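Quick heads-up: the structure tokens below are two forms of one chain, split into structure 1 and structure 2.
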Structure 1
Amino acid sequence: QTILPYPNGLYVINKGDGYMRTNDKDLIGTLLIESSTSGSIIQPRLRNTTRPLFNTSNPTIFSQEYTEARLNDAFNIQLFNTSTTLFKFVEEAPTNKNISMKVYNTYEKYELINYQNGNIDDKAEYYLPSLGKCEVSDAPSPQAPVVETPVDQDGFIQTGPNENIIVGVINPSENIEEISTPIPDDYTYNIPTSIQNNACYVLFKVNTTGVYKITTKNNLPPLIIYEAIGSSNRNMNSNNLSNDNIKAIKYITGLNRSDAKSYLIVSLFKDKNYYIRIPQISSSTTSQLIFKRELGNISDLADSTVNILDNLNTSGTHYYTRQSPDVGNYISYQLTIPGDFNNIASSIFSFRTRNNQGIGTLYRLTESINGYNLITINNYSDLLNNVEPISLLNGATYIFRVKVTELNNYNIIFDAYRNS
């Protein structure tokens, strides 16, 4: 029931092992092990058949086969209803007492969800047959008084250690484009016309490790970037991007909000493969994807969406609702102060956030024939209650970085209050 700091799309969540149904529906058997005796229960796989459990909120789309395909994309699971993997439990009773050995079949719970704007519109639960659970305790008394006990509710209980591993997968309904040649320091990619019909992903790799600025020529639409999990250090070709069809993706940074004029600043490694999801444009004019390696401390924003702020030449509040990064992650805002430039001319601003708490860093963006450069103007250990004002030079450009420290809501609200 907590917030999920991720972009729209499909996710397979491994919710843990040791799941089993109530009322002993998965009880294999109980052994009464007398003192000075050993007992054992075995799953020998004399038959490789296993019985997965499935549940879905939408049988038409999120069918079992579909869900299984997602699970394969996420964790690369091969076998769903067979196993050659044996499990066995062995227990010796002490000399003084008798022991009770209960063994159950178990499952690993994988949750497939269709996540849209902080909401789950579709959900399926796949229970992958696991390697069992064994409970040993002092044998109960054959004479223990029988207590009429009503059956429990139909369902599952979790028996294994806590686990919640989220793995996003490429949306199978959105096509994958591919930039064959490792992109150099500068590169422009023309988005195919297919973009008018649906969003797509662009798979690529950089020729040189470093920080990169990525965006559409108009900073619109907003871009999202992912890493191809496990794509590093596999087949490689200096003059060509080797494929793995890895459909498992790690969200780096990016947003879905339609009016989030912006560009990305991310750290990219050449030994890895990345995906840039371009939303459905829906225009007859050709859009472009521009890549540019940045030298300099612009890397301070590494892995962050830089949101360009609009309508600043007014007084008071200036709210900007955006999908919140996870605790510890960044989200940036670019500000070109209204008015012409001349050192002395300035305007008073008060930076603040409203839903989630975080740590802020104010930078002065400067140009050089050696690339960009950021000068730290100030830092904020409390953004939700910041009241400290700051004067900024008119006609100058500032970037405000927010590191989330508290994820209270799906969206993080940024307020660039203008005092004057």
Structure 2
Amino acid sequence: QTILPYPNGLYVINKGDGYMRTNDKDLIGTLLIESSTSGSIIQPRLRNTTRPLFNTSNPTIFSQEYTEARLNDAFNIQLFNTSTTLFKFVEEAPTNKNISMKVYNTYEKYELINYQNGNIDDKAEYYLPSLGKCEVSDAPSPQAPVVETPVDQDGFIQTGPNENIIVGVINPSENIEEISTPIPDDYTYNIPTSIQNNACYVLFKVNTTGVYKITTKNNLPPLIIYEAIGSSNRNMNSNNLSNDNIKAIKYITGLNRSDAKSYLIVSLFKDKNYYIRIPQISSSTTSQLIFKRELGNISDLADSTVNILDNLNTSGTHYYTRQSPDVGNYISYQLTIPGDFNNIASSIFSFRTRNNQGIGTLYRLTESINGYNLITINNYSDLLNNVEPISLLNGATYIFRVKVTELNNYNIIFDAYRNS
């Protein structure tokens, strides 16, 4: 029951190798190897057929075939019940003692989850036949007393090294739009009418490596951006995005909460392919995807959702609940404090988080020099119940960046306290 700091969608998690069923259900057998003798157990693949195991929480949606298709999307597993790989264990017993060699079949546990609002809505476990486990020890005394012990609970145990590799996969019921031309410094993409019926992804790449502001018109809905895993190197053409149908995706930043008006500040690289997931919008008027290259130190925010904070004319408590970034990653908040701009400090502000701990940096956003600029006003070591007042100029725009340091809850809560 750990916090998964990821947006909604499908994830395939490799939960490690060396899984095997309880009660010697996967025991191949045991060799007693006498002193000065070698013993060996071989899986020579004289038949190629293997026996994967499978469990599911909903068999209609997450069927074995469906789960296998996701395992292919994530890890490119080609063959699920045939192997040509062999494994063998060999061991010579010492001159003084006999040895016991116990060999088991094993599996790699892959977990497919449908993750929605911090909950696992659908769950499937696929056990891929692996290359075995051998336990050697001193041969037990045949005169050893026989302890009557109950058969333990039905299920799996893990005997391999700790592993938890999470890989996101494209939801194959959501269409993929492609911007074939690598985008220039400023680009606007008209979102087609199919967005009315379900969410979609837009596959694109940038012409020039740099930091970019990504947002919808009017900053709603929020966006999610991923990177295609392993797209670098491989095929290429000058002014054309090379699609290899890579469906394994690495989450960068963004969130699902529908009222989170925002934009993304992300460091994008020329040699990579990216996916933006645009949620379903039921409106009849056309929405747009706006890309804008950013020069200057707004790169400090690189890889962050910037949440625009609204209705702050009232004083005191102002909470904003958002999907927490993972430890070490950013979430940001933009504040245009109320009042007319001269140089009076507007009702002193105090900034804190509620669920998750974080560092915290306050910037004033310069509006119109020649491009945007951030001036560091103050840093904060801890954000949880922080109450160091700060006076901001009314009418000025400020950005507060939170770098997460402990992940207690799925959501991080941000409070912009307006004091006097």
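Residues that one form lacks are left out of the comparison. Throughout, residue numbering runs from 1 along the sequence of structure 1. What we label the rigid core is the largest C-alpha set whose atoms superpose within 1.5 Å from one form to the other.
Of the residues listed here (376, 366, 370, 37), only one shifts its CA by 2 angstroms or more between the two structures after fitting on the rigid core, and it is 370. Remark: with the core as the superposition reference, the CA shift of residue 345 between the two structures reaches 2 Å or more.
At residue 150, the distance the Cα travels between the two structures is 1.1 Å after the core is superposed. Here the two forms are laid over each other by their core, and the C-alpha of residue 129 is off by 0.3 Å between the two structures. In sequence order, 344-347, 367-370 are the runs of at least 3 residues present in both forms whose Cα atoms shift by 2 Å or more between the two structures once the core is superposed.
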